[PDB]
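Following: one structure in structure tokens, then a few remarks.
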Amino acid sequence: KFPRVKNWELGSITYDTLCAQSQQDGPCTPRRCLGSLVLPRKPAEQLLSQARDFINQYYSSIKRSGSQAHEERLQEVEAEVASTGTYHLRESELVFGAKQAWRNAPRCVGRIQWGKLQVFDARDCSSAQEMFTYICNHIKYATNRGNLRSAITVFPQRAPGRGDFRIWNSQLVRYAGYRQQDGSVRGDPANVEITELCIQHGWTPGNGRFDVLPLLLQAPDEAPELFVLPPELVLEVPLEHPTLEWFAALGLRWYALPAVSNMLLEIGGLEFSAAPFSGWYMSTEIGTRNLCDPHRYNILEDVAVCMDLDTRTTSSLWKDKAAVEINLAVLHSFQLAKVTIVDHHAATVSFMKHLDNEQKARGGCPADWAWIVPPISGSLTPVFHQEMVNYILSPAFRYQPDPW
Amino acid sequence: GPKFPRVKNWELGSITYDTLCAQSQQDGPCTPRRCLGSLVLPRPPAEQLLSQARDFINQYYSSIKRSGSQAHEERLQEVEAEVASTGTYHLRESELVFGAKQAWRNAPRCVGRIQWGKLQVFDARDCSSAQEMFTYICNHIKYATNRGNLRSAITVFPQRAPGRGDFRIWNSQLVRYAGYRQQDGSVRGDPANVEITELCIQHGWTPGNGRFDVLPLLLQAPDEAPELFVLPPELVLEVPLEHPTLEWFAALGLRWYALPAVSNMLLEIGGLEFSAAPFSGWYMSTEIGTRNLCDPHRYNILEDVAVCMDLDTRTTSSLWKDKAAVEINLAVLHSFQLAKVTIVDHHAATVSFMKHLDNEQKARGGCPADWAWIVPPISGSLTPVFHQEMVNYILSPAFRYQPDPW
Ligand code: HEM
Ligand code: HEM
Ligand SMILES: CN(C)c1ccc(CCNCc2ccc3ccc(N)nc3c2)cc1
Ligand SMILES: CN(C)c1ccc(CCNCc2ccc3ccc(N)nc3c2)cc1
Ligand SMILES: C[C@H](O)[C@H](O)[C@H]1CNc2nc(N)[nH]c(=O)c2N1
Ligand SMILES: C[C@H](O)[C@H](O)[C@H]1CNc2nc(N)[nH]c(=O)c2N1
Ligand SMILES: [Zn+2]
């Protein structure tokens with residue numbers, strides 16, 4: 001009926017009743033579970049039902065359901081859809097919707113923070129140059145000299161028969177990846193394609209491992225435009241290690257602000273194709289995935305060798321040892337620079353508290369176990385031992401096709 | 001594209017389609033509305049038995065390339081006739097062997113499946129007493145332990161029968177350390193084993209008071225109270241744990257047993273149910289070093305080891321837990337190697353599982369796999385399986401969980 005959900009460390013049991021509010025299919029069926037897949041495989045009455053549902057969520061949130069304002073607002077939406085095939089959100093509704101989308105994101109371990117989100121309304125944007133201005137302001141605000149503040153900037157919604165506003169870059173801060181003819185890649189291999197798009201739109205490339213990319217910003221049915229971010233806007237942290245003096249000589253660094261810019265924001269059936277958002281990093285994102293993934297910077301062996309570890313055999317656990325010191329260096333360096341960051345133990349502990357808040361508030365919480373459990377030391381964190389139910393609620397952040 | 005799940009490896013960029021999943025006749029816990037993949041346990045008529053039986057016989061004859069043959073059709077008739085007159089049927093020896101291997105091959109939670117074709121199947125379907133089960137189990141342990149050069153094996157006891165009680169081994173594993181509840185509410189020994197420990201005592205076992213007291217076996221023959229059997233200590237190979245450079249680690253007095261021999265799972269083949277069919281392989285080091293030793297609800301030694309390592313246990317950001325865990329895993333690997341007892345680290349194991357996935361893609365068009373269980377509990381993304389999408393589904397023959405007999 002409703003899923004019984006158990007924590008195996010504590011022996012405690014909840015029932016998820018929130019999942020009954022899901023109106024959107026995931027990829028699983030009784031025959032086979034597809035939960036480990038990264039991406040999904042692929043009229044007015046439909047929009048109207050999503051709109052009413054959202055306005056209802058909204059007025060319930062301010063505890064004014066059935067108010068005159070509530071009924072009038074539903075009529076406004078009804079009237080606008082019926083006449084125009086679409087409608088528009090009020091700023092306060094947009095603010096609520098943006099927070100709910102974050103709250104509903106099953107892959108986010110940082111949702112304890114969901115109610116604290118600065119929302120910049122950029123729906124009065126008419127050009128790539130204007131998008132750039134809004135993005136620079138977003139970055140300045142969120143960066144805040146290292147005392148990071150979560151924020152989202154929302155550009156004009158999609159409209160029928162008109163191209164979307166898009167930011168082509170997957171994040172506002174990305175390091176170039178330059179594909180050598182010698183097969184290899186210099187920089188971040190995750191960004192080979194975006195790096196190449198930039199160059200062919202007139203960017204003069206560098207030749208470094210950590211060259212900050214320009215943004216490709218696209219206003220509707222126009223070719224994207226190139227904008228270089230003012231270097232003083234992009235806060236970066238040089239990596240060093242608290243005891244291993246040689247670590248700094250590796251010339252490693254990372255940027256402060258994780259600002260994701262290729263996701264679609266869906267609120268009440270309306271779609272916001274450019275709505276970049278940022279919070280702060282969990283250390284494993286950088287220390288484990290970005291720096292140690294074999295298809296990213298892949299620095300494990302280098303660090304292992306500097307640590308004089310036995311690289312010849314798996315059973316020396318040289319990979320594990322190097323990874324741990326790498327994560328420590330990331331934590332140490334961010335802490336030294338006074339840049340906000342959270343370790344994977346602290347983050348998962350807060351998420352457990354979040355699950356409990358959400359159980360009392362909504363009778364459940366959608367969560368993606370494979371993404372909530374950190375990429376090192378999994379079972380050493382409480383979320384490993386916690387069963388989770390994954391489902392899609394709306395407002396939602398969604399993936400969308402690359403615009404090229 | 002193909003109308004089957006597309007499966008991607010994000011490390012290598014490679015793509016496969018799973019067509020094997022089409023062979024699942026048993027639903028799992030998920031629906032289009034919500035994924036329940038992270039759940040540990042989610043929740044005969046002759047007609048029903050017969051189709052499971054026909055399916056298995058079909059699988060058997062395919063595996064020997066005689067599908068459609070005279071011997072194939074005769075075996076079908078024979079099974080149909082046997083169910084027709086008795087309500088059940090019986091497996092030929094070679095069918096049992098094939099089925100036991102296929103159940104292992106089909107287990108989505110097992111990372112060790114590269115080994116699936118190497119399984120010694122001991123037929124114990126003649127067993128008629130609890131004493132005899134014990135003899136069979138001791139023989140299994142001796143064969144499988146092989147003085148440290150471990151060999152995978154399963155011993156199969158008589159199947160469930162109409163109007164007759166089950167053969168059951170009450171213990172979850174052939175080797176289990178006692179868990180003694182203390183007055184302060186804490187547990188001495190392995191907290192995982194509190195219930196079986198107390199059952200052993202209720203059934204007459206004189207309890208020790210150590211952290212590593214090996215439990216006796218509670219063995220149950222049909223329609224009888226279970227009987228208590230003490231394993232001769234020389235049959236139970238254990239490994240004292242030391243660390244290659246941290247000299248104090250040996251002084252901790254930790255140890256683990258060599259043989260992971262699981263004994264409470266039901267082996268289902270062709271509709272037949274083998275309620276007692278203990279099987280054993282060898283350990284992956286993380287099972288001992290990470291879960292059994294560092295789970296908060298297991299031995300929970302993380303903080304103790306971190307203090308010995310002089311780490312800052314007052315703050316999460318020192319990564320004291322991660323550091324201690326790595327050294328404990330290393331100690332397990334070092335100690336087993338020193339003792340010449342078969343063991344596999346989580347890198348070697350996952351690498352071989354990636355090879356297994358490729359073998360099965362070509363052999364069967366897919367491989368059912370539970371990502372949450374396949375990815376090791378430390379260093380997740382440092383292993384190749386983390387970056388491999390997987391499809392999970394139930395195939396038969398199968399190992400299944402079954403209710404505790406009490
Ligand atoms: C405030 C500190 C935050 C922390 C520590 C945090 C943590 C994380 C982590 C570790 C992930 C996994 C990402 C990956 O492995 O690629 C993630 C994903 C995600 N986060 Fe959060 N987050 C924070 C703030 C936010 C904010 C402000 C938003 C949006 C308003 C957000 C929305 C999301 C979404 C939609 C995902 C899934 C994205 C995907 O599927 O790629 N998070 N978060
Ligand atoms: C040969 C070396 C083997 C290795 C290294 C290995 C490794 C593993 C590991 C690490 C697990 C996860 C267990 C847990 O976390 O509790 C597992 C599960 C499992 N293994 Fe294997 N295994 C091996 C042999 C076998 C054999 C011989 C069988 C049966 C004939 C088998 C059947 C299973 C089954 C059914 C599970 C699921 C356990 C459950 O759901 O409780 N394995 N294996
Ligand atoms: C298709 N590919 C290559 C691909 C798809 C999804 C991903 C996941 C990206 N997730 C990035 C992301 C998103 C939101 C975040 C919020 C906070 C935070 N600290 N990190 C965050 C990180 C990566 C690669
Ligand atoms: C309901 N409870 C308490 C519970 C449920 C499932 C489990 C999973 C136990 N799986 C153990 C297991 C099974 C088969 C194995 C085969 C080989 C190997 N090395 N380890 C192996 C380990 C444990 C407890
Ligand atoms: C195949 C697998 O689903 C994929 O590698 C996932 C696993 N869990 C993850 N978890 C997080 N936080 N981020 C990720 O990118 C991934 N990748
Ligand atoms: C809640 C979660 O399903 C549970 O802790 C699982 C996760 N993955 C696992 N993976 C393995 N190999 N063994 C386990 O016991 C578990 N436990
Ligand atoms: Zn699922």
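In the structure tokens, the first chain shown is A, the next is B, and so on; residue numbers restart at 1 for each chain, and ligands run from 1 in the order shown.
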Non-local contacts of residue 277 of chain A (12 Å; only C-alpha atoms; under 4 positions in same chain excluded) as a ChimeraX atom specification
/A:98-99,101-102,117-120,135,138-139,141-142,149-155,167,170-173,257-265,397
Using only C-alpha atoms and all ligand atoms, which protein or nucleic acid residues are at most 8 Å from ligand 1, as a PyMOL selection string?
chain A and resi 38+98-99+101-103+105-111+113-114+117+149-152+263+277-282+284-285+289+341-342+347+371-372+374+396-399
Write out as number ranges by chain every residue belonging to chain A that has an atom at most 6 Å from any atom of chain B, counting only C-alpha atoms.
A: 9, 25-26, 28-34, 36-37, 295, 315, 343, 345, 375-379, 387, 389-391
N, CA and C atoms of the current selection, written as a tab-separated table (two decimals), in the first residue's frame:
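Output below, filename result.tsv:
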```tsv
chain	number	residue	atom	x	y	z
A	9	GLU	N	20.08	0.93	11.51
A	9	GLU	CA	20.97	1.21	12.63
A	9	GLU	C	20.16	1.37	13.92
A	25	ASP	N	5.68	9.61	-13.42
A	25	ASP	CA	6.30	8.29	-13.42
A	25	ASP	C	7.83	8.34	-13.38
A	26	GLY	N	8.43	7.55	-12.49
A	26	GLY	CA	9.85	7.27	-12.57
A	26	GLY	C	10.04	6.14	-13.59
A	28	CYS	N	11.11	2.86	-12.95
A	28	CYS	CA	10.92	1.49	-12.46
A	28	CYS	C	9.54	0.91	-12.80
A	29	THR	N	9.48	-0.42	-12.85
A	29	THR	CA	8.23	-1.17	-13.00
A	29	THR	C	8.33	-2.38	-12.05
A	30	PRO	N	7.21	-3.08	-11.78
A	30	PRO	CA	7.31	-4.29	-10.95
A	30	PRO	C	8.35	-5.30	-11.49
A	31	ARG	N	8.49	-5.39	-12.82
A	31	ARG	CA	9.40	-6.34	-13.47
A	31	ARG	C	10.90	-6.04	-13.27
A	32	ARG	N	11.29	-4.77	-13.33
A	32	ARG	CA	12.69	-4.39	-13.13
A	32	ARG	C	12.86	-2.98	-12.57
A	33	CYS	N	13.80	-2.84	-11.64
A	33	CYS	CA	14.15	-1.56	-11.04
A	33	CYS	C	15.28	-0.88	-11.83
A	34	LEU	N	15.08	0.40	-12.16
A	34	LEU	CA	16.02	1.19	-12.97
A	34	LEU	C	16.53	2.38	-12.17
A	36	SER	N	19.16	3.07	-10.62
A	36	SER	CA	20.56	3.50	-10.69
A	36	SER	C	20.85	4.29	-11.97
A	37	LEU	N	19.87	4.38	-12.87
A	37	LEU	CA	20.02	5.19	-14.08
A	37	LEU	C	20.24	6.68	-13.74
A	295	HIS	N	37.64	9.53	-15.02
A	295	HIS	CA	37.28	10.31	-16.19
A	295	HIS	C	37.14	11.80	-15.85
A	315	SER	N	45.49	-4.36	-2.88
A	315	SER	CA	45.30	-4.74	-1.48
A	315	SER	C	46.09	-3.88	-0.50
A	343	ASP	N	31.55	18.79	5.32
A	343	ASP	CA	32.07	17.45	5.09
A	343	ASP	C	30.90	16.47	4.97
A	345	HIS	N	30.21	13.77	6.62
A	345	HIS	CA	29.65	13.30	7.89
A	345	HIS	C	28.63	14.32	8.39
A	375	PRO	N	30.39	9.20	-1.85
A	375	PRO	CA	31.19	8.30	-2.69
A	375	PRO	C	32.43	7.71	-2.00
A	376	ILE	N	32.77	8.19	-0.80
A	376	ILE	CA	33.68	7.48	0.09
A	376	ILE	C	32.95	7.22	1.40
A	377	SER	N	33.42	6.21	2.14
A	377	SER	CA	32.97	5.96	3.50
A	377	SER	C	31.46	5.82	3.64
A	378	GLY	N	30.81	5.21	2.65
A	378	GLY	CA	29.35	5.13	2.64
A	378	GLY	C	28.71	4.70	3.96
A	379	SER	N	29.03	3.48	4.40
A	379	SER	CA	28.35	2.92	5.56
A	379	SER	C	28.82	3.56	6.86
A	387	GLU	N	16.63	3.20	4.90
A	387	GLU	CA	15.85	2.95	3.69
A	387	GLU	C	15.23	4.26	3.22
A	389	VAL	N	12.62	6.16	-0.07
A	389	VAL	CA	11.62	5.95	-1.12
A	389	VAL	C	11.86	7.05	-2.14
A	390	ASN	N	11.96	6.70	-3.42
A	390	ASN	CA	12.25	7.70	-4.43
A	390	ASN	C	11.03	7.94	-5.31
A	391	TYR	N	10.66	9.20	-5.48
A	391	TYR	CA	9.53	9.52	-6.35
A	391	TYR	C	9.61	10.97	-6.77
```
Where in segment 142-349 of chain B does DSSP assign strand (DSSP E or B), given as number ranges by chain?
B: 153-156, 168-169, 173, 177, 179-181, 187-189, 214, 217-220, 227-229, 238-240, 255-257, 261-262, 266-269, 272-274, 279-280, 284, 344
Segment 216-231 of chain A surroundings by only C-alpha atoms, 8 Å radius, close-in-sequence under 3 positions cut, as number ranges by chain
A: 126-128, 131-132, 136, 162-169, 198, 201-203, 213, 234-235
Just the residues within 12 Å of residue 186 of chain B, please, counting only C-alpha atoms, with nothing from its chain fewer than 6 positions along; format it as a PyMOL selection string.
chain B and resi 179-180+194+297-300
Just-selected residues, N, CA, C and O atoms written as a PDB file, in the first residue's frame:
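Wrote selection.pdb, looks like this:
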```
ATOM      1  N   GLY B 179      26.274 -12.891  21.004  1.00  0.00           N
ATOM      2  CA  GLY B 179      25.999 -11.530  21.428  1.00  0.00           C
ATOM      3  C   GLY B 179      25.278 -11.609  22.757  1.00  0.00           C
ATOM      4  O   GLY B 179      24.128 -12.058  22.814  1.00  0.00           O
ATOM      5  N   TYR B 180      25.960 -11.199  23.824  1.00  0.00           N
ATOM      6  CA  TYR B 180      25.412 -11.279  25.164  1.00  0.00           C
ATOM      7  C   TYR B 180      24.899  -9.922  25.611  1.00  0.00           C
ATOM      8  O   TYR B 180      25.671  -8.966  25.724  1.00  0.00           O
ATOM      9  N   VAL B 194      22.167 -11.365  18.939  1.00  0.00           N
ATOM     10  CA  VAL B 194      21.533 -11.437  20.245  1.00  0.00           C
ATOM     11  C   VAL B 194      20.438 -12.501  20.279  1.00  0.00           C
ATOM     12  O   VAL B 194      20.379 -13.325  21.203  1.00  0.00           O
ATOM     13  N   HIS B 297      25.878  -0.506  14.932  1.00  0.00           N
ATOM     14  CA  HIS B 297      25.053  -1.530  15.562  1.00  0.00           C
ATOM     15  C   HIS B 297      25.719  -2.908  15.477  1.00  0.00           C
ATOM     16  O   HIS B 297      25.103  -3.933  15.799  1.00  0.00           O
ATOM     17  N   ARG B 298      26.981  -2.932  15.044  1.00  0.00           N
ATOM     18  CA  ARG B 298      27.778  -4.156  15.087  1.00  0.00           C
ATOM     19  C   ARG B 298      28.870  -3.978  16.152  1.00  0.00           C
ATOM     20  O   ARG B 298      28.563  -3.497  17.244  1.00  0.00           O
ATOM     21  N   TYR B 299      30.119  -4.361  15.867  1.00  0.00           N
ATOM     22  CA  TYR B 299      31.184  -4.253  16.888  1.00  0.00           C
ATOM     23  C   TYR B 299      31.572  -2.811  17.189  1.00  0.00           C
ATOM     24  O   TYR B 299      32.060  -2.494  18.277  1.00  0.00           O
ATOM     25  N   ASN B 300      31.358  -1.936  16.215  1.00  0.00           N
ATOM     26  CA  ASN B 300      31.471  -0.503  16.450  1.00  0.00           C
ATOM     27  C   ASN B 300      32.833  -0.064  17.011  1.00  0.00           C
ATOM     28  O   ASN B 300      32.896   0.659  17.999  1.00  0.00           O
TER      29      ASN B 300
END
```
Within 7 Å of ligand 2 (only C-alpha atoms and all ligand atoms), residues as number ranges by chain
B: 100-101, 104, 107, 109-113, 115, 119, 152-154, 279-284, 287, 344, 349, 373, 399
Residues within 8 Å of segment 263-270 of chain B, please, as a list in words. Count only C-alpha atoms; anything in the same chain fewer than 6 positions from it doesn't count.
residues 49, 52, 53, 54, 55, 56, 57, 96, 99, 100, 103, 168, 169, 170, 171, 172, 173, 174, 276, 277, 278, 279, 396, 397, 398, 399, 400, 401 and 402 of chain B
Can you write out the residues you just picked, keeping N, CA, C and O atoms, as an mmCIF file, in the first residue's frame?
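The result, stored in result29.cif:
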```cif
data_model
loop_
_atom_site.group_PDB
_atom_site.id
_atom_site.type_symbol
_atom_site.label_atom_id
_atom_site.label_comp_id
_atom_site.auth_asym_id
_atom_site.auth_seq_id
_atom_site.Cartn_x
_atom_site.Cartn_y
_atom_site.Cartn_z
ATOM 1 N N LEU B 49 3.111 -24.881 -9.718
ATOM 2 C CA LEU B 49 4.347 -25.657 -9.611
ATOM 3 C C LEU B 49 4.786 -26.076 -11.006
ATOM 4 O O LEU B 49 5.957 -25.939 -11.368
ATOM 5 N N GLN B 52 6.504 -23.416 -13.308
ATOM 6 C CA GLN B 52 7.844 -23.149 -12.791
ATOM 7 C C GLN B 52 8.756 -24.333 -13.119
ATOM 8 O O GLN B 52 9.914 -24.157 -13.495
ATOM 9 N N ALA B 53 8.219 -25.538 -12.993
ATOM 10 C CA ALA B 53 8.979 -26.747 -13.285
ATOM 11 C C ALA B 53 9.331 -26.850 -14.775
ATOM 12 O O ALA B 53 10.482 -27.129 -15.129
ATOM 13 N N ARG B 54 8.343 -26.640 -15.645
ATOM 14 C CA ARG B 54 8.581 -26.659 -17.088
ATOM 15 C C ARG B 54 9.623 -25.613 -17.472
ATOM 16 O O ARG B 54 10.503 -25.866 -18.304
ATOM 17 N N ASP B 55 9.520 -24.434 -16.864
ATOM 18 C CA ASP B 55 10.462 -23.375 -17.164
ATOM 19 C C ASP B 55 11.869 -23.788 -16.786
ATOM 20 O O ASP B 55 12.808 -23.562 -17.548
ATOM 21 N N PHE B 56 12.023 -24.383 -15.606
ATOM 22 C CA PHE B 56 13.346 -24.801 -15.170
ATOM 23 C C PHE B 56 13.920 -25.921 -16.046
ATOM 24 O O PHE B 56 15.106 -25.905 -16.378
ATOM 25 N N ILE B 57 13.091 -26.898 -16.394
ATOM 26 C CA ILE B 57 13.543 -27.993 -17.249
ATOM 27 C C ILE B 57 13.990 -27.435 -18.605
ATOM 28 O O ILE B 57 14.986 -27.893 -19.177
ATOM 29 N N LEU B 96 19.986 -30.518 -10.158
ATOM 30 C CA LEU B 96 20.222 -29.821 -8.892
ATOM 31 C C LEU B 96 21.508 -28.989 -8.976
ATOM 32 O O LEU B 96 21.539 -27.818 -8.557
ATOM 33 N N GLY B 99 20.920 -26.005 -11.160
ATOM 34 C CA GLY B 99 20.051 -25.049 -10.490
ATOM 35 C C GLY B 99 20.751 -24.278 -9.386
ATOM 36 O O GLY B 99 20.540 -23.071 -9.210
ATOM 37 N N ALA B 100 21.582 -24.979 -8.622
ATOM 38 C CA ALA B 100 22.311 -24.340 -7.538
ATOM 39 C C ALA B 100 23.240 -23.258 -8.102
ATOM 40 O O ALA B 100 23.283 -22.139 -7.592
ATOM 41 N N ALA B 103 21.156 -20.270 -9.396
ATOM 42 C CA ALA B 103 20.661 -19.425 -8.308
ATOM 43 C C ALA B 103 21.710 -18.408 -7.889
ATOM 44 O O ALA B 103 21.407 -17.237 -7.668
ATOM 45 N N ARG B 168 15.558 -27.176 8.642
ATOM 46 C CA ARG B 168 15.992 -25.791 8.832
ATOM 47 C C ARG B 168 17.282 -25.735 9.628
ATOM 48 O O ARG B 168 17.468 -26.478 10.593
ATOM 49 N N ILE B 169 18.172 -24.844 9.220
ATOM 50 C CA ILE B 169 19.250 -24.429 10.096
ATOM 51 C C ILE B 169 18.791 -23.104 10.700
ATOM 52 O O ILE B 169 18.475 -22.167 9.967
ATOM 53 N N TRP B 170 18.726 -23.024 12.024
ATOM 54 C CA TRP B 170 18.207 -21.813 12.658
ATOM 55 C C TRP B 170 19.182 -20.640 12.587
ATOM 56 O O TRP B 170 18.757 -19.486 12.490
ATOM 57 N N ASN B 171 20.481 -20.934 12.636
ATOM 58 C CA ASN B 171 21.509 -19.892 12.585
ATOM 59 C C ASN B 171 21.568 -19.236 11.212
ATOM 60 O O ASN B 171 21.304 -19.886 10.202
ATOM 61 N N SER B 172 21.943 -17.958 11.173
ATOM 62 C CA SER B 172 22.011 -17.228 9.911
ATOM 63 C C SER B 172 23.273 -17.607 9.146
ATOM 64 O O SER B 172 23.314 -17.552 7.904
ATOM 65 N N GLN B 173 24.306 -17.985 9.890
ATOM 66 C CA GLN B 173 25.574 -18.413 9.298
ATOM 67 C C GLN B 173 26.095 -19.607 10.088
ATOM 68 O O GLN B 173 25.720 -19.785 11.258
ATOM 69 N N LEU B 174 26.950 -20.418 9.460
ATOM 70 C CA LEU B 174 27.524 -21.573 10.139
ATOM 71 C C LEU B 174 28.477 -21.086 11.232
ATOM 72 O O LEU B 174 28.582 -21.694 12.293
ATOM 73 N N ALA B 276 16.683 -25.767 3.727
ATOM 74 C CA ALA B 276 18.035 -25.843 4.279
ATOM 75 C C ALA B 276 19.033 -26.187 3.179
ATOM 76 O O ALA B 276 19.072 -27.321 2.689
ATOM 77 N N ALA B 277 19.836 -25.199 2.791
ATOM 78 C CA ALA B 277 20.847 -25.374 1.744
ATOM 79 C C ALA B 277 21.993 -24.397 1.974
ATOM 80 O O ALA B 277 22.178 -23.454 1.201
ATOM 81 N N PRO B 278 22.776 -24.627 3.029
ATOM 82 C CA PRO B 278 23.832 -23.678 3.377
ATOM 83 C C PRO B 278 24.879 -23.594 2.274
ATOM 84 O O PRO B 278 25.217 -24.607 1.658
ATOM 85 N N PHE B 279 25.373 -22.389 2.009
ATOM 86 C CA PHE B 279 26.391 -22.208 0.982
ATOM 87 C C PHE B 279 27.522 -21.323 1.499
ATOM 88 O O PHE B 279 27.331 -20.565 2.450
ATOM 89 N N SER B 396 14.692 -16.874 -11.607
ATOM 90 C CA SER B 396 14.722 -18.170 -10.920
ATOM 91 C C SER B 396 15.466 -19.168 -11.793
ATOM 92 O O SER B 396 15.413 -19.059 -13.020
ATOM 93 N N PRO B 397 16.180 -20.144 -11.189
ATOM 94 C CA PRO B 397 16.478 -20.432 -9.772
ATOM 95 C C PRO B 397 16.978 -19.228 -8.970
ATOM 96 O O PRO B 397 17.611 -18.323 -9.535
ATOM 97 N N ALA B 398 16.683 -19.214 -7.672
ATOM 98 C CA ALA B 398 16.979 -18.051 -6.844
ATOM 99 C C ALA B 398 17.266 -18.430 -5.403
ATOM 100 O O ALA B 398 16.690 -19.400 -4.882
ATOM 101 N N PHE B 399 18.143 -17.663 -4.754
ATOM 102 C CA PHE B 399 18.214 -17.695 -3.291
ATOM 103 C C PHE B 399 17.243 -16.629 -2.785
ATOM 104 O O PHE B 399 17.257 -15.502 -3.296
ATOM 105 N N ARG B 400 16.382 -16.993 -1.830
ATOM 106 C CA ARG B 400 15.394 -16.068 -1.246
ATOM 107 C C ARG B 400 15.512 -16.048 0.261
ATOM 108 O O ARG B 400 15.874 -17.066 0.871
ATOM 109 N N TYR B 401 15.125 -14.926 0.865
ATOM 110 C CA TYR B 401 14.950 -14.852 2.319
ATOM 111 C C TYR B 401 13.713 -15.650 2.695
ATOM 112 O O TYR B 401 12.807 -15.819 1.876
ATOM 113 N N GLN B 402 13.676 -16.145 3.927
ATOM 114 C CA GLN B 402 12.552 -16.949 4.385
ATOM 115 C C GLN B 402 12.366 -16.644 5.859
ATOM 116 O O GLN B 402 13.321 -16.257 6.532
#
```
Using only C-alpha atoms, which residues sit within 12 Å of residue 75 of chain A once same-chain residues fewer than 3 positions away are excluded, as a list in words?
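Counting only the stated atoms, we get residues 48, 51, 52, 55, 68, 69, 70, 71, 72, 78, 79, 80, 81, 82 and 87 of chain A.
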Keeping only N, CA, C and O atoms, take the residues you just selected and write them out as a compact mmCIF listing (two decimals), in the first residue's frame.
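The result, stored in result07.txt:
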```txt
# COMPACT_ATOMS: atom_id res chain seq x y z
N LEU A 48 -3.79 23.26 -16.87
CA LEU A 48 -4.74 23.76 -15.88
C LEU A 48 -4.72 22.95 -14.59
O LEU A 48 -4.74 23.51 -13.50
N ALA A 51 -1.51 23.69 -12.77
CA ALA A 51 -1.59 25.05 -12.24
C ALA A 51 -2.44 25.11 -10.96
O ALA A 51 -1.98 25.61 -9.93
N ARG A 52 -3.67 24.62 -11.03
CA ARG A 52 -4.55 24.58 -9.86
C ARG A 52 -3.87 23.89 -8.69
O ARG A 52 -3.86 24.43 -7.58
N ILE A 55 -1.24 26.28 -7.20
CA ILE A 55 -1.83 27.42 -6.51
C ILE A 55 -2.38 26.92 -5.16
O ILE A 55 -2.29 27.61 -4.13
N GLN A 68 -10.74 34.11 -0.06
CA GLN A 68 -11.21 34.80 -1.24
C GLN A 68 -10.05 34.95 -2.22
O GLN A 68 -10.21 34.71 -3.41
N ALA A 69 -8.89 35.31 -1.69
CA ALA A 69 -7.68 35.47 -2.49
C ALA A 69 -7.35 34.19 -3.24
O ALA A 69 -6.88 34.23 -4.38
N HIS A 70 -7.60 33.05 -2.59
CA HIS A 70 -7.32 31.74 -3.17
C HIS A 70 -8.23 31.46 -4.36
O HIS A 70 -7.77 31.01 -5.41
N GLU A 71 -9.52 31.73 -4.19
CA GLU A 71 -10.49 31.44 -5.25
C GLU A 71 -10.30 32.40 -6.43
O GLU A 71 -10.38 31.98 -7.59
N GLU A 72 -10.05 33.67 -6.14
CA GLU A 72 -9.79 34.66 -7.18
C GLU A 72 -8.55 34.29 -7.99
O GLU A 72 -8.53 34.42 -9.21
N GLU A 78 -7.16 30.18 -14.42
CA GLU A 78 -8.13 29.60 -15.32
C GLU A 78 -8.35 30.50 -16.53
O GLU A 78 -8.20 30.08 -17.68
N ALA A 79 -8.69 31.76 -16.25
CA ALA A 79 -9.00 32.74 -17.30
C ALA A 79 -7.83 32.94 -18.27
O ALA A 79 -8.03 33.05 -19.48
N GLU A 80 -6.62 32.96 -17.74
CA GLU A 80 -5.44 33.22 -18.54
C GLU A 80 -5.11 32.03 -19.45
O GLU A 80 -4.88 32.20 -20.65
N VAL A 81 -5.09 30.82 -18.89
CA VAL A 81 -4.93 29.62 -19.70
C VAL A 81 -6.00 29.50 -20.79
O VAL A 81 -5.68 29.28 -21.95
N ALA A 82 -7.26 29.66 -20.41
CA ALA A 82 -8.35 29.48 -21.35
C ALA A 82 -8.23 30.41 -22.55
O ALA A 82 -8.65 30.07 -23.66
N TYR A 87 -0.13 30.84 -18.57
CA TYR A 87 -0.38 31.82 -17.52
C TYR A 87 0.95 32.26 -16.93
O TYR A 87 2.01 31.83 -17.40
```
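Residues in contact with residue 252 of chain B at 12 Å, where only C-alpha atoms are counted and same-chain residues fewer than 2 positions away are skipped, are listed as residues 211, 240, 241, 242, 243, 246, 247, 248, 249, 250, 254, 255, 301, 304, 305, 308, 328 and 331 of chain B.
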